[PDB]
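By PDB author numbering, the letter at position 7 of the sequence shown is numbered 7, and the numbering carries on one by one without gaps.
Okay, so here's the structure we're looking at.
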Amino acid sequence: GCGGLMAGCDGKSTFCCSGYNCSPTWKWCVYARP
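Following this line, the structure appears as structure tokens:
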């Protein structure tokens with residue numbers, strides 16, 4: 001659903017809320033920085 005700032009993601013393809021990005025090494029959603 002909507003997860004951001006160390007939010008539980010669990011999935012390298014899981015999408016966060018908005019502006020966040022799930023990390024495959026930490027399994028959570030944090031700020032995105034390409």
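All C-beta atoms, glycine included, are put in the ideal place defined by N, C-alpha and C.
_Whether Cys17 touches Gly4 by CB criterion (8 Å)_ = Closer than 8 Å, so yes.
_Taking the straight line between their C-alpha atoms, what separation do you get for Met6 and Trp26?_
Cα to Cα, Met6 sits roughly 9 Å from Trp26.
_Buried/exposed call for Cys29, threshold 16 Cβ in 10 Å_ = Counting Cβ neighbours within 10 Å, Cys29 comes out buried, since at least 16 surround it.
*Where do the N-terminal and C-terminal ends of the beta strand (DSSP E) with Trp28 fall, by residue?*
Its beta strand (DSSP E) spans residues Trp28 to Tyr31.
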